[PDB]
Amino acid sequence: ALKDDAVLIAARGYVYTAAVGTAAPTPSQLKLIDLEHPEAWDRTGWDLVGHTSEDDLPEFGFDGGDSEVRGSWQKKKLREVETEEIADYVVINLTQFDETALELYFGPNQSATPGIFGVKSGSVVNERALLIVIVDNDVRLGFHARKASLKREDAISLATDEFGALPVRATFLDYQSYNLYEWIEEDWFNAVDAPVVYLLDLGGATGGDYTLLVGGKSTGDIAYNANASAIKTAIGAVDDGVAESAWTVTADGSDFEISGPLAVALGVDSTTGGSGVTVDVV
Amino acid sequence: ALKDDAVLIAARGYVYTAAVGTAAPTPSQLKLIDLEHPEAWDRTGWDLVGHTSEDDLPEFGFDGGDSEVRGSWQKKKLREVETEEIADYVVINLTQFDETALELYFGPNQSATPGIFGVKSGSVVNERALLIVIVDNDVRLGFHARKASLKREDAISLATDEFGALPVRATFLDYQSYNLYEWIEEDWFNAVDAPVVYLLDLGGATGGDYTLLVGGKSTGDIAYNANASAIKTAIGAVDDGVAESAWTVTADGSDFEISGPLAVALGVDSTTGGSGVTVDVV
Amino acid sequence: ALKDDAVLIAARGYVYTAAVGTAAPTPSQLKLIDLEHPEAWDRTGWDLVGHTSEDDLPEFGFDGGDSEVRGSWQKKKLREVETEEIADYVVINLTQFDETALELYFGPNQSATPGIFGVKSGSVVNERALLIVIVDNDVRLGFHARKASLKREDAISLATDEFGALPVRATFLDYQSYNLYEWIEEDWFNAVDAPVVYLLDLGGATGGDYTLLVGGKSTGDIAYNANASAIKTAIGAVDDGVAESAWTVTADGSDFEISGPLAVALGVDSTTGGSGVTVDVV
Amino acid sequence: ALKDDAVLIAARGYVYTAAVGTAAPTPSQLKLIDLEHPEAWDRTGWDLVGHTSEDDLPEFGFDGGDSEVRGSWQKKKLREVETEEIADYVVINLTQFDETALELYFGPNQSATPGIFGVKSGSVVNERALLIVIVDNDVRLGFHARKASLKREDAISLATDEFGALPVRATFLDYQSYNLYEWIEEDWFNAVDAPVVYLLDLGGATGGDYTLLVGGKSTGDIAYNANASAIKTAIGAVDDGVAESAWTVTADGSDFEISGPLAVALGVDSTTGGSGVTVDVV
Amino acid sequence: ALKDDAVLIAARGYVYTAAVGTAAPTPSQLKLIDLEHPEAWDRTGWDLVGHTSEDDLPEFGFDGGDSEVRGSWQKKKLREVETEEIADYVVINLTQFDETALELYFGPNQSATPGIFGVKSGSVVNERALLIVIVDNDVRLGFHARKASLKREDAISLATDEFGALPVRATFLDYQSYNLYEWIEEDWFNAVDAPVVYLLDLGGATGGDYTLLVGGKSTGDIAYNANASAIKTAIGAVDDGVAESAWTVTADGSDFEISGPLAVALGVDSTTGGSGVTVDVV
């Protein structure tokens, strides 16, 4: 279904890392968590990766994944076969230059003396857990990987007016029978299939009649004191392809549930009392 | 011929998916369905895939089709032959981060937990039927594939001022006896030579209780010596998608002419017997 | 051989198609035919492909034609060879989504059902004749191929703010003893060597004198009373590489028709009232 | 048609806001409303925005809408296309500096303490429903929008001569099933298309004759006791060819009434007794 | 050459619309129609657009039309070309706010309820035919666009001291091989020449058999044409708005000559006395 609440702009976001395997905040915690302070979290061990580029948001790419359509002499297209496997990564453009951000790009500090960061000959291993939180007016698309192997992706960028940047690629590694990686919103994933209810209210009406509008098409006159079976009858009697048995209607005085296969609204109202009729959605 | 009705401009459109092999709404239904609610339709089983990007529309690409002109020593240019056969697809840029629209990009949820969606490996099988309805003015060009294999086309896009995108390539695969895919629009493809008319008999009968069928559904019942308006309003049955204003009827007292946007058939023949009744195309 | 009328701009134009081998309008008919009604022509069998994009006109490309020069130890750089045979084509961007334009891009309709256009796996032949008429402001350069093989050249283009398009490539194939393709225009292919001639009016102005500007050199003064031989030797007097044997001068009664190796223009007029002196092409 | 009372001068007016989606008063019960008091209206939830400026009235602008005329190589001037979607908005200038004016412009108060309105780093979402009323001599055109995104349009004005003001732009946006905004006035939109009728009242006549006129043209004398068909014949008999069959005529009280495609009036009158003949629209 | 009649001043005017393709009144009707009542004309169904700004007269602008001069390496100036085709339009400042004006600004009314006018998005199509009649000294330069696509030009204008306005642009489009617009005036655009005459030749004739077409309808019966000029007070009495003084008539022996503002056509009188009366143009 088309949901307008789940279309996402990445307007601000945060990136965290920890020793491999650490649990991210649970999907109920992630909406209450304070993002700038990993020292305050109930899921301890996360810490911030430092500032990250506004121009270069994390690129959730892949490499490999080529495939060909194959078939017999008889039927030319019957399976699509992978030539080589997908491998999954994210590219992160760090911009802070502390040890806390050079360590992801170069690997662990190779010298112990104060005020320097030392580097050795190549092929160091730098596996780390990764958490990312993309935040849009307090909707929070969370992403977590139990293990990722980090490597530098391209040269260190410098400029005279833009920020310098340390582009690092995290490649996702399968860890200890956990998932490869994982997305964390309470309201969007494995959520309960609750049908839409139009919450009609007669609003203190007295005398006269009103008309429902369903799928953009209008029913007849509904009396200010009509019952649930009559309302269900009048919606089902709209010339619009769905039977009466497709609908439900349930009552509490002025309050009604209406629910079924199409959108419901109000056309004309002449019910001469209170606010007149209204229609909310649950 | 040149026609100005058929220069498509595709300003809005809806993308739907279903389990492999499910049929689309027919050419005469496509002109009448409510597009935003797939649970209302005849030809059930479709689900709306969610928001699709307004700039990166579905691209109907193909790979292969490499072709060479050939001929023998005596006759230099006699055939054009395909060195590689046409592997055929449509690329949809989904822009919604629900389970309903990640499932096409990553395969099924792979975890039990409420509020989480997980990933395991690069390889998955994700085969679906596809329907696209492309709308401008009143023309609604449909496109239907009985079986398509879905894979991710490239990286998840993110930006600070434009919606994040989940691009999937649907690649078409051959499904038993059926076409690889069908374009659907009643006004254009296989169009009838002249606007169709159906005959109906009163035939010198008596007593004359009978029932019609339109759009696969039975009318209200019709009596002896019925007026053209009485037949027209009985054909205007509220089980259908079509208003009485769209139908037309005419008569010679013995015989009737009927015409409109759906086919007419005899639902139940005249209960009194006698000379009986029939219905057919003129 | 500079001819400004023959410098073509394709500002408007038409594309037609018919069963293989069908004959185009003769060059003398091509000036008379009504280009939007092929049903009316003296050459029966043509019909239009429908609308074509304005931005992307027919592209008369070719593939192959690679060649090299080769020799022997006996004899250096002996002969050229064409190492693969040149393969002409034209690409037409159709824009109707009607059956009359889907059938060129997808081959024949694979479904008998009214309102749908089925497509199937594998190769489809779709050989047919082609006629194109390019209409530069009342000159009509036609082009005809008695057999072309039509294949889809690229993806269907869809956009929200520009007409959708179906690129078809028509490769040209040899048919019987006929040419591969022909350009048809009565004025300027295989036409007569029409003489270029100048008319010196002299239609009044009894008294006074004028020069003539020949090849951009002025001759001296000549009087209104002059005869054909006097005009000839005055034209022949200039320094510029030509003499009285190269020129011709003739008269329609004090009104001179002249020809030769160089252009002639009015130079300077000083004749009496009456506006007689003027020179221009026949 | 020309309607001299549908020409609007925006001499006075009022502006109101509410939570997203709340209904405005219906047009029946917009005539009765007390506009200074948005408490105790027909439909509740509205609040007054405060004093809007007296010279810089609300302006119903829009952004985008650049459209271009598309074509084809065969025929140009096919359908026109919008290259940008029209973004309707209204700009309102508020002369008040109280919290009810500042929370439209800055978004909600960022401070809890009495007697201050603290504000903070921007990007604040401020969606609101909007109602505007224009008042002109007892006709009262209203306007209503279900959702608008309010934002600051330009700098705050201050001066020593005339009141300061805050400019705010309300961009209209879609909100579920409903229209973008709706104009409200009872006698104008969707009102019954009733034809014009003229009463011809004989004013207490006792004898004599009179000339009627139509479209500025007179007709021959009508007796004080002429019947409906006689006057219908005589008014239909004039030069201009609006013949008898174009006219409807009726009678009661010994008077007559006329209706038809041209306006009617009284010319010369010789009728004895009473006021003489009388005629006007009824 | 110059004349002072054709120096238009546009002191008053009218603007009309209708369904696409309908025909304006002919040049000889436009001189005698009554402009305020489109239901009276018997040309077709036009409707009057309502009041228009009394000082923002219609602006017949255009977009595009840019041009430059092309050449060659030999010759620098050989033809002028236009890089964009002329996109013609007219801008009309409507000023009444009734539905008959708002339909042209916002497109057709999207709300079904009494007293509410609604709108939802761009990509609406609002094709109409357009007629403008520009009046001074009762000369009437008409203008007629066969198909025009109306859109809003800029914002609704509201003011405290002069009328509000609804600026619409109508862009002219090609319809079905007609002119994209026409200017209509019988005295100016063609046949600026001595007035047309029709000759009737009586032949061999007897008796009061009669019929004579003028303006498409028969004149009333006349006895044997037996008196000179006696066709006056019949022509100029059954005349559709052009009385006796408009008609100039002469007769001698077998010959009657007739001239005036509307065409005389076929007639046949006094049959069986010989060859009968006959008619032709001079």
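Deposited coordinates in this entry are attributed by the record to cryo-EM, at a stated resolution of 4 Å.

Caption draft 1: Region of interest: the overall build of chain A. When its secondary structure is counted, chain A shows two helices and 18 strands. Here chain A has a C-alpha radius of gyration of 29 Å; the compact-globule value for 282 residues is 19 Å, and the former is much larger. Dimensions of chain A along its principal axes, counting C-alpha atoms only, are 90 × 65 × 40 Å. When each of the 282 residues of chain A is scored for burial, the buried share is 42%. If you take every contact in chain A between residues at least 6 apart in sequence, the share linking residues at least 24 apart comes to 60%.

Caption draft 2: Here's a closer look at a nonpolar patch on the surface. All names here are of chain A. Together, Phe-97, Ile-156 and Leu-158 line one region of the surface with nonpolar side chains, adding up to about 310 Å² of accessible area. With respect to the helices, strands and loops of the structure, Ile-156 is situated in the loop between β8 (139-152) and β9 (166-172). The class for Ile-156 is partly exposed, based on a relative accessible area of 33%.

Caption draft 3: Seen up close, the sheet that holds strand β11 (residues 198-201) of chain D. All names here are of chain D. A sheet is described by the order of its strands in space; here four strands give the open sequence β15-β16-β11-β18, paired in antiparallel fashion. The sheet terminates laterally at β15 (248-252) and β18 (278-281), the two strands that pair on one side only. When strand polarity is set aside, the average angle formed by the axes of neighbouring strands in this sheet is 20 degrees. Summarising the sheet, β11 and β18 pair through four bridges and their orientation is antiparallel. Paired with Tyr-198 across the bridge in β18 is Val-281.

Caption draft 4: Local environment of the interface of chain A and chain B. Chain A puts 53 residues into the contact, and the matching count from chain B is 62 residues. Carbon and sulfur atoms supply 55% of the area that chain A and chain B bury against each other, a total of about 5,000 Å² over both sides. On the chain A side of the contact with chain B, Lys-77, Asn-190 and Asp-239 of chain A bury the most area, a combined 15% of that side's loss. Counting the contacts that link chain A with chain B gives three salt bridges. Across the pair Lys-77 of chain A and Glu-85 of chain B runs a salt bridge, and its minimum N-O distance is 4.0 Å. Counting every contact that joins chain A to chain B gives 28 residue pairs in polar contact.

Caption draft 5: Seen up close, the environment of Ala-226 of chain C. Residues and elements named next belong to chain C. Structurally, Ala-226 can be placed in the loop between β16 (222-223) and α2 (228-236). Between the C-alpha atoms of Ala-226 and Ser-254, which are 28 residues apart in sequence, the distance is 8.7 Å. Every residue in contact with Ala-226, bar those within four places of it in the chain, is listed here: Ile-231 and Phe-256.

Caption draft 6: Quick look at the packing of aromatic side chains. Taken as a whole and judged by the stated rule, the model has 65 aromatic pairs over all chains. The interplanar angle of 35 degrees and the centroid separation of 6.2 Å between the aromatic rings of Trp-183 of chain A and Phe-106 of chain B together place this pair among those described as tilted. Of the two residues, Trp-183 of chain A sits in strand β10 (residues 181-183) while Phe-106 of chain B sits in helix α2 (residues 99-106), which places them in two different chains. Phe-106 of chain B sits in the buried class, given a relative accessible area of 10%. Where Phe-60 of chain D meets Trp-183 of chain D, the ring centres are 5.2 Å apart and the plane angle is 50 degrees; that geometry is what we call tilted. Note that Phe-60 of chain D is positioned in the loop between β2 (47-48) and β3 (62-63) and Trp-183 of chain D in strand β10 (residues 181-184), a separation of 123 residues in sequence. Relative accessible area serves as the criterion here: at 3%, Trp-183 of chain D is assigned to the buried category.

Caption draft 7: Broad picture of the pattern of salt bridges. Taken as a whole and judged by the stated rule, the model has 48 salt bridges over all chains. With its nearest N and O atoms 3.8 Å apart, the salt bridge here joins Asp-63 of chain B to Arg-169 of chain B. Taken as a pair, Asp-63 of chain B in strand β3 (residues 62-63) and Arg-169 of chain B in strand β10 (residues 166-172) lie far apart in primary sequence, 106 residues in all. Looking at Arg-169 of chain B, the relative accessible area reads 15%, which means it is buried. The residue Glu-68 of chain E makes a salt bridge to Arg-70 of chain E at a minimum N-O spacing of 2.7 Å. A relative accessible area of 37% means that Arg-70 of chain E is categorised as partly exposed. Salt bridges sharing partners connect three or more residues here, namely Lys-31, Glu-186 and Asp-187 of chain A.

Caption draft 8: Representation of the pairing of strand β16 (residues 255-259) of chain D. Residue and element names in this part refer to chain D. Within β16, five of the five residues are buried, which leaves the element mostly enclosed by the surrounding structure. With burial as the criterion, each face of β16 is covered, one bearing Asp-255, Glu-257 and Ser-259 and the other bearing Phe-256 and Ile-258. With three bridges connecting them, β11 and β16 associate as antiparallel partners. Residue pairing across strands places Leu-200 opposite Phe-256, the latter belonging to β16. The pairing of β15 with β16 spans five bridges and is antiparallel.

Caption draft 9: Broad picture of the side chain of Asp-98 of chain C. Position of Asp-98 of chain C among the secondary structure elements: in the loop between β6 (87-94) and α1 (99-106). A relative accessible area of 5% means that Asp-98 of chain C is categorised as buried. The contact partners of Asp-98 of chain C, leaving out residues within four places of it in the chain, are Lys-3, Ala-6, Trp-188 and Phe-189 of chain B.

Caption draft 10: Up close: unusual backbone geometry. Of note, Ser-254 of chain C is a non-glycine position whose phi angle comes to about 45 degrees, a positive value. Mapping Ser-254 of chain C onto the fold places it in the loop between β17 (248-251) and β18 (256-259). A residue is classified by how much of its surface remains accessible, and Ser-254 of chain C, at 52% relative accessible area, is exposed. Although it is not a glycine, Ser-177 of chain E adopts a positive phi angle of roughly 70 degrees. On the secondary structure map, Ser-177 of chain E appears in the loop between β10 (166-172) and β11 (182-184). With relative accessibility at 78%, the residue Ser-177 of chain E sits in the exposed group.

Caption draft 11: Spatial organisation of helix α2 (residues 228-236) of chain D. Of the residues making up α2 of chain D, those classed as buried are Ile-231, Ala-234, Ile-235 and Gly-236 of chain D. Structurally, the start of α2 of chain D carries an N-cap: the backbone nitrogen of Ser-229 of chain D is 3.1 Å from a side-chain oxygen of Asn-227 of chain D.

Caption draft 12: Region of interest: α2 of chain B. Listed as buried for α2 of chain B are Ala-101, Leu-102, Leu-104, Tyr-105 and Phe-106 of chain B. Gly-107 of chain B lies just past α2 of chain B and shows a positive phi near 75 degrees.

Caption draft 13: Spatial organisation of the environment of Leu-199 of chain C. Residues and elements named next belong to chain C. As for its placement among the helices and strands, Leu-199 is situated in strand β12 (residues 198-200). Between the C-alpha atom of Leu-199 and that of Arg-43, which follows or precedes it by 156 residues, the distance is 41 Å. Apart from residues lying up to four places away in sequence, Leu-199 is in contact with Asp-255, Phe-256, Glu-257, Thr-278, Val-279, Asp-280 and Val-282.

Caption draft 14: Highlighting the nonpolar core. Residues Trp-183 of chain A together with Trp-183 of chain B are the most contacted members of the largest nonpolar core, which totals 99 residues. Those residues within four positions of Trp-183 of chain B in sequence are excluded, and the remaining contacts are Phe-60, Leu-141, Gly-142, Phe-143 and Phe-189 of chain B together with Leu-102, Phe-106, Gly-115, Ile-116, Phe-117 and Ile-156 of chain C. In this structure, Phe-62, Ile-132 and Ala-148 of chain D together with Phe-143 of chain E belong to the second largest nonpolar core, which totals 60 residues.

Conventions adopted
The numbering scheme counts residues from 1 along every chain following its written sequence, independent of the entry's numbering, with residues that lack coordinates not shown. Labels follow written order: the first chain is A, the first ligand is 1, and so on. A larger assembly contains the chains shown, yet all values here describe just the shown part. Excluded from the side-chain calculations are hydrogens and water; all other atoms, namely the structure's heavy atoms, are used. Helical segments are the DSSP runs of H or I of at least four residues, strand segments are the runs of E of at least two, and each set is numbered from the N terminus. Atoms counted for the radius of gyration: C-alpha only. Globule rule: 2.2 Å times residue count to the power 0.38. In this scheme, a residue with accessible area under 20% of its type's maximum is buried, one over 50% is exposed, and one in between is partly exposed, where area comes from a 1.4 Å probe on protein chains only. By definition, residues are in contact when any of their heavy atoms lie within 4.5 Å. Surface patches are defined over residues having more than 30% relative accessible area and no salt bridge, joining like charges when they lie within 9 Å and nonpolar side chains (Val, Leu, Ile, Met, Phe, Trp, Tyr) when within 5 Å. The method behind every accessible area is Shrake-Rupley, applied with a 1.4 Å probe, and residues are considered shielded solely by the protein chains displayed. By salt bridge we mean one thing: a side-chain nitrogen of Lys or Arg within 4 Å of a carboxyl oxygen of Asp or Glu. Pairing between strands is defined by DSSP: at least two bridges between them are needed. Every angle, taken between N-to-C directions, lies between 0 and 180 degrees, and every axis is a line fitted to C-alpha atoms, over only the stretch in contact when it is a helix. The term buried area denotes the loss of accessible surface (1.4 Å probe radius) that occurs when two parts are joined, taken as the sum for both partners. Distance and chemistry together define a polar contact, namely a pair of N or O atoms within 3.5 Å, with one atom able to donate a hydrogen and the other to accept it when in protein, and with adjacent residues in sequence counting only for side-chain atoms on both sides. In this analysis, rings of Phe, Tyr and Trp, with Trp reduced to its six-membered ring, are considered paired at centre separations within 6.5 Å, and the interplanar angle assigns stacked below 30 degrees, edge-to-face beyond 60, and tilted for intermediate values. Remark: nonpolar core denotes a set of buried residues (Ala, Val, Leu, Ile, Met, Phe, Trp, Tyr, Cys) joined through side-chain atoms within 4.5 Å.

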